[PDB]
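Summary of structural features
Spelled out from the first residue to the last, the chains are:
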Amino acid sequence: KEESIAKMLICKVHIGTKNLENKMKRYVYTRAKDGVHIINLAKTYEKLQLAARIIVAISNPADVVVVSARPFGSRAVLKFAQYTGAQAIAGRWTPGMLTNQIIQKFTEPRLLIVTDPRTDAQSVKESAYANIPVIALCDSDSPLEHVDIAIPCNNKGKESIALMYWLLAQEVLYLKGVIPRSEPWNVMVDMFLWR
Amino acid sequence: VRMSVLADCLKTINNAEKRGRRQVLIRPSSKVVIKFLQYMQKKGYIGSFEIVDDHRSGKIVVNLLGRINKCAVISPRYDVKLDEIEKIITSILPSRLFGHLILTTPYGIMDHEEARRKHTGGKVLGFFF
Amino acid sequence: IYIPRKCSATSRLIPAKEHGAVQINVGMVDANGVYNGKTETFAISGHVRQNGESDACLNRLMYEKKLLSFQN
Amino acid sequence: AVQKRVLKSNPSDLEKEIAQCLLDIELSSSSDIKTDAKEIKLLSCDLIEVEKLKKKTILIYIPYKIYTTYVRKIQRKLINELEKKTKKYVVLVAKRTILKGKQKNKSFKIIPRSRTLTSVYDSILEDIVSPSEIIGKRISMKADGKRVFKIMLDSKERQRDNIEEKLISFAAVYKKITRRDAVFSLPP
Amino acid sequence: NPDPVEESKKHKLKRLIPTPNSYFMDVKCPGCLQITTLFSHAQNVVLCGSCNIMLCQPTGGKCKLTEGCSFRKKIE
Amino acid sequence: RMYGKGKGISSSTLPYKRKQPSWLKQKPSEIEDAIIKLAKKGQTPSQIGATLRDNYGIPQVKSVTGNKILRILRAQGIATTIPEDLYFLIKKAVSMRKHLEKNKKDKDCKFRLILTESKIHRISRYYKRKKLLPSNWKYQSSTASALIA
RNA sequence: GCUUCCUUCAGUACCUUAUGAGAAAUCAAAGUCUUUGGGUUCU
RNA sequence: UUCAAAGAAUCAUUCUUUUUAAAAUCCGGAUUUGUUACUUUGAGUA
Ligand SMILES: [Mg+2]
Ligand SMILES: [Mg+2]
Ligand SMILES: [Mg+2]
């Protein structure tokens, strides 16, 4: 949909950072005269949709954790959790969470939704020791080690991240029976955004 | 420098398999190599391959089914008599039930079983699992 | 006789103690966009995940089906 | 009066017809070229059908010397003329002989590589397309124990009514000559 | 897909099917009145037919090509 | 590279099409004549080829004329007794030797001279194995200088 | 004309990464090795 | 540097038959074609 694209543009997910990462090349449309990398955006949309579908495919929504150690994605992830069923982590990920049975805050999901495999890399790594699939709202420069789905966005720009999250949530809602198509979803972006 | 094109090609193929490629550009094609590839295809290990004709030693690119465990040359193409085969195969390939030990034989290239069926052993090119 | 699982991408076939390797499940649509009951499935071996080719493999798989449309 | 002389066989069905056509062309001076069938001859012909709704196409086996000297030079004009006259698609080829390597001819001592089977096949492929010129041969080994030669021609032919059909005809003729599957194409 | 590749003629001279990067040039000076013919990547200088003037300045790759001038590629 | 540690791959690589291109007007006879003229004028095979490529419109004498240029020279009878590359090597060697004679302490030059000698001996051997050189032909450091002409 | 940026050659280092290796130190070669044989000289 | 092609049996594969050039030989038909390594059959061995 064009509307989604427009929204994205209004935010900033079209700009990825400098440093390209060869495996991310395909998602990037082209570099600019500045020294930045513009993401193909249609790809971002399609990928996002796919991710949403995958999320939906989980039987119960509660066992699909989401994560951002970033201060300004935390809010967004909380919102996402509230709206879908999914756990958020938000902030300090504990290294034993998906392996260490006996730990208090254990909780082993069927999907892991990272916001950035650069910063939230520990979580990603953990995903390997418990066969958790991992989708990642990753940048241009990010490492895609262990991530199954890479949604190309930007993570630097908190607003953009928030927008992306919102979009994902909307998609999931659409997939489920709760908000029918043709109707736009009521809740806004800014609601997801940090402050 | 090159010496045994075929060996190099096989190594390349093996590497590709290890990585988990799909396609792979075997860089100097050779009649022998082509034959080997055909044989492999026949016994299922390889998919299609598009021997591209330049105007030189051709390139092959070959379509892989994620199925090969290893394939290899055994340089010094030892002459091998029909009685001498069994020991060689025991030495080489992982099970009597499977894998193939490819001989060039005066009845074209064929696997150890084929050779046995025929009667002629010959010089031993390579193998796969 | 447990017959092990073949990585849908690379066909490598994956043992019990692999973990790492994942069976990602993609839910279907029925005309509207609503979640159809059915689910199309891909197992992905650990090796590909480690490499980072996993995403590419997934894309290719999707293309092979109808699920997504660009290939790369 | 002539006509039988233009071919080099005992007149049979279609060869004779072709000869007659050639003679007519010579007489008339159709389109542009004149007195070019004085130079031309032929050895034999073969009519072949294809997997079609309809249509039969024609090999014209030409003595090699003649082909080298005259037919190579003016081929496009000739073929087009033939098409205009006889709606059957036509191809010229040189009757060039193939020799086994190990064999000992009275002639030569060592076969020239011109006469080798593979070389000959290549040459006939080159011949059969002639409005156009080959870009790249490429031999797909199917996993079924088949081999398909996927030939691709240049531009030029893309401005014609007969393209796909022509390609099919070419393929058929190749098959007839050398029991070889083939497929033809062009670039977008 | 290594076989049907698209935009990578920005590979080295060693592609899938090797080409040359060089090509021939239909060239004309401003007022000699003819097709002179040329090879890009020409080492020795080419003198045009009539008044023998430098048409191509020789260099370490792809001749500098004198003054304004104009060149069609030979094509095919 | 045979002798250095050089590993470069700078190369001519000819085009796929090896039947001459449409735009080539020159008939073979004319080109042959031109080649002959060039040969007479003192040019060597490679040089001749280069000249043909540049000054005249012709990429490869092999596509216009069935034969390669050395072959045609041979046919015409203006082929050198002493092959191109070999001759060049000999010349180089001679030059080196002169320098050595002049200038005795140059070690690097001496080393390189040895290398060139070795290469000559390879090339020389190869030519002997064919029939371009006679079997009675050693290369001598004393004679060498006279040989080139 | 030079300068930058892109691609590419040949050098040449470094960084992360190895369901690659290794006894480990470490190593893009010390990898493609009990899934053992590309060639070859020396020890 | 002769690649290949087609038919019959069996449980995608196995074993078999037939032809696709050129030269010499035989009454349009039918039948010989580098050397060695290697390999297969033999032979001959107390
Ligand atoms: Mg050396
Ligand atoms: Mg090299
Ligand atoms: Mg060893």
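Residues numbered from 1 in each chain as written, not as in the entry; some residues may be left out. Chains lettered and ligands numbered in written order. Part of a larger assembly, values for the part shown. Heavy atoms only, no water.

Judging from the entry metadata, cryo-EM is the method by which this structure was determined, and 3.2 Å is the reported resolution.

Within the PDB entry, the label attached to chain C reads 40S ribosomal protein eS21, and the organism entered is Plasmodium falciparum. The record for the entry shows the title "Cryo-EM structure of the Plasmodium falciparum 80S ribosome bound to the anti-protozoan drug emetine, small subunit".

The name the PDB entry gives chain B is 40S ribosomal protein uS8, with Plasmodium falciparum as the organism.

**Observations regarding the overall build of chain B**
Across its full length, chain B holds 4 helices and 7 strands. By its C-alpha atoms, chain B is 40 × 30 × 25 Å across when sized along the principal axes. For chain B, with 129 residues in total, the buried portion stands at 49%. In chain B, the proportion of contacts linking residues at least 24 apart, taken out of those at least 6 apart, comes to 57%. Surface exposure of chain B reaches about 6,600 Å², of which carbon and sulfur atoms provide 51%. Each charge sign in chain B was given a centre, from 23 positive and 12 negative side chains, and these centres are 4 Å apart. (Helix = DSSP H or I, 4+ residues; strand = E, 2+ residues; numbered from the N terminus. Buried < 20%, exposed > 50% of the residue type's maximum accessible area, 1.4 Å probe, protein only. Contact = heavy atoms within 4.5 Å. Areas by Shrake-Rupley, 256 points an atom, 1.4 Å probe, with all protein chains shown as cover. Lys, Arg positive; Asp, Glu negative; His and termini not counted. Charge placed at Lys NZ, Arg CZ, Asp CG, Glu CD.)

**Brief notes about the interface of chain C and chain B**
On the chain B side, the residues contacting the 8 residues of chain C number 6 residues. Summed over both partners, the interface of chain C with chain B buries about 470 Å², with 27% contributed by carbon and sulfur atoms. Broken down residue by residue, the surface that chain C buries against chain B is led by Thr 10, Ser 11 and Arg 60 of chain C, which jointly contribute 52%. Across the chain C-chain B interface, the total number found is 0 salt bridges. (Buried area = accessible area lost by both parts, 1.4 Å probe. Salt bridge = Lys/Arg side-chain N within 4 Å of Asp/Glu carboxyl O.)

**Things to note about the protein's contact with RNA strand H**
Surrounding RNA strand H, one finds 27 residues, the nearest of these being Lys 35, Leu 82, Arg 117 and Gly 121 of chain B together with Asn 105 of chain D. The sugar-phosphate portion of RNA strand H accounts for 69% of its atoms within 4 Å of the protein, the bases making up the rest. One of the side-chain nitrogen or oxygen atoms of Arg 117 of chain B is found 2.7 Å away from a phosphate oxygen of RNA strand H. Here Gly 121 of chain B contributes a backbone N or O atom positioned 2.7 Å from a sugar or linking oxygen of RNA strand H. Going through the elements one at a time, α2 (31-42) of chain B together with α4 (117-128) of chain D are the ones with two or more residues in the surface near RNA strand H. The dominant element in the surface near RNA strand H, judged by the number of residues it contributes, is α4 of chain D, at 3 residues. Of the residues contributing to the surface near RNA strand H, the split by class is 6 nonpolar, 8 polar and 13 charged. (Near = heavy atom within 4 Å. Polar contact = N/O pair within 3.5 Å; in protein donor to acceptor, adjacent residues only side chain to side chain. Nonpolar A, V, L, I, M, F, W, Y, C, P; charged D, E, K, R; others polar.)

**Observations regarding unusual backbone geometry**
You will see that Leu 13 of chain C, though not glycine, has its phi angle at about 70 degrees, which is positive. For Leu 13 of chain C, a relative accessible area of 42% gives the class partly exposed.

**Examining the protein's contact with RNA strand G**
As a matter of local geometry, RNA strand G sits amid 29 residues, with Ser 4, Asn 15, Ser 75 and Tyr 78 of chain B together with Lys 10 of chain E nearest to it. Looking at RNA strand G alone, sugar and phosphate atoms form 73% of those within 4 Å of the protein. At 2.8 Å, a side-chain N or O of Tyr 78 of chain B approaches a base nitrogen of RNA strand G. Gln 50 of chain C places a polar side-chain atom, nitrogen or oxygen, 2.9 Å from a phosphate oxygen of RNA strand G. Counting residues per element, the ones that place at least two in the surface near RNA strand G are α1 (5-19) of chain B together with α1 (46-51) of chain C. With 5 residues, α1 of chain B is the single largest residue contributor to the surface near RNA strand G. Among the residues making up the surface near RNA strand G, the classes are represented as 11 nonpolar, 9 polar and 9 charged.

**Some thoughts on the interface of chain C and chain A**
On the chain A side, the residues contacting the 30 residues of chain C number 29 residues. Between chain C and chain A the total buried area reaches about 2,500 Å² when both faces are included, carbon and sulfur atoms providing 53% of it. Among the residues of chain C in contact with chain A, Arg 49, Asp 55 and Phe 70 of chain C are the three that bury the most area, contributing 24% of the side total. Here chain C is connected to chain A by 2 salt bridges. For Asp 148 of chain A, the salt bridge identified is with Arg 49 of chain C, shortest N-O distance 2.7 Å. The interface formed by chain C and chain A includes 15 residue pairs in polar contact. Among the elements of the structure, β1 (22-29), β2 (35-44), α1 and α2 (54-64) of chain C are those that each provide at least two residues to the side of chain C that touches chain A.

**Digging into the pairing of strand β2 (residues 56-63) of chain D**
Residues and elements named next belong to chain D. Here β2 lies mainly inside the structure; 7 of its 8 residues are buried. As judged from the 6 bridges shared by strand β1 (residues 44-49) and β2, these two strands associate in the antiparallel manner. Bridging from a neighbouring strand, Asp 46 pairs with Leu 59 of β2. The antiparallel hairpin formed by β1 and β2 contains 6 residues in its connecting segment, where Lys 55 sits at a positive phi of about 125 degrees. Across 6 bridges, β2 lies against strand β3 (residues 90-95) in parallel orientation. By the bridge assignment for β3, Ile 62 is matched with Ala 94. (Pairing = 2+ DSSP bridges.)

**Here we look at the sheet that holds strand β4 (residues 64-67) of chain A**
All names here are of chain A. The strand order β4-β5-β6-β7 describes an open sheet built from 4 strands, whose pairing is parallel. Edge positions in the sheet fall to β4 and β7 (149-150), since each of these pairs with one other strand and no more. Inspection of the sheet shows β4 paired to strand β5 (residues 111-114) by 4 bridges, in the parallel sense. Directly across from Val 66, in β5, lies its bridge partner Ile 113.

**Re the packing of aromatic side chains**
With the rule as written, the count across this model stands at 14 aromatic pairs over all chains. On the numbers, 5.8 Å between centres and 90 degrees between planes, the contact of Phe 36 of chain B with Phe 128 of chain B is edge-to-face. Here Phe 36 of chain B is found in helix α2, whereas its partner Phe 128 of chain B is found in strand β7 (residues 123-128), with 92 residues between them in sequence. Neither residue differs from the other here; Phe 36 of chain B and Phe 128 of chain B are each classed as buried. With centroids separated by 5.0 Å and ring planes inclined at 45 degrees, the aromatic side chains of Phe 24 of chain E and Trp 23 of chain F adopt a geometry described as tilted. (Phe/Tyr/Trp six-rings, centres within 6.5 Å; stacked < 30°, edge-to-face > 60°.)

**Some words on the pattern of salt bridges**
All names here are of chain B. By the definition in use, this model includes 20 salt bridges over all chains. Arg 116 is the salt-bridge partner of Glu 86, the closest N and O atoms lying 2.8 Å from each other. Of this pair, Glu 86 sits in helix α3 (residues 85-92) while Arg 116 is found in helix α4 (residues 112-118), placing the two residues 30 residues apart along the sequence. For the salt bridge of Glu 114 with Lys 118, the shortest nitrogen-to-oxygen distance reads 2.8 Å.

**Observations concerning the arrangement of the chains**
For the 8 pairs of chains in contact, the largest share of contacts goes to chains A and C. A minimum C-alpha distance of 27 Å separates chain A and chain F, which share no contact. Spatially, chain C and chain F are disjoint, and the shortest separation between their C-alpha atoms is 29 Å.

**Brief notes about the side chain of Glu 32 of chain F**
All names here are of chain F. Topologically, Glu 32 is positioned in helix α1 (residues 28-40). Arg 71 provides the closest opposite charge to the buried, unpaired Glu 32, separated from it by 11 Å. When neighbours within four sequence positions are excluded, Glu 32 is seen to be in contact with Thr 65 and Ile 72.

**Quick word on the nonpolar core**
Across soluble globular proteins, nonpolar side chains show a tendency to be buried alongside one another. Residue and element names in this part refer to chain A. If you look at the biggest cluster of nonpolar residues, it comprises 85 residues, and the most contacted ones within it are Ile 55, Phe 80, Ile 113, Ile 135, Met 164 and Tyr 165. Ranked by residue count, the leading element in this core is helix α5 (residues 158-175), at 13 residues. Each residue touching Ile 135, except ones within four places of it in the same chain, is listed here: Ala 51, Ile 54, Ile 55, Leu 111, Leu 112, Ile 113, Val 114, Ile 149 and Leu 168. (Core = buried A, V, L, I, M, F, W, Y, C linked by side-chain atoms within 4.5 Å.)

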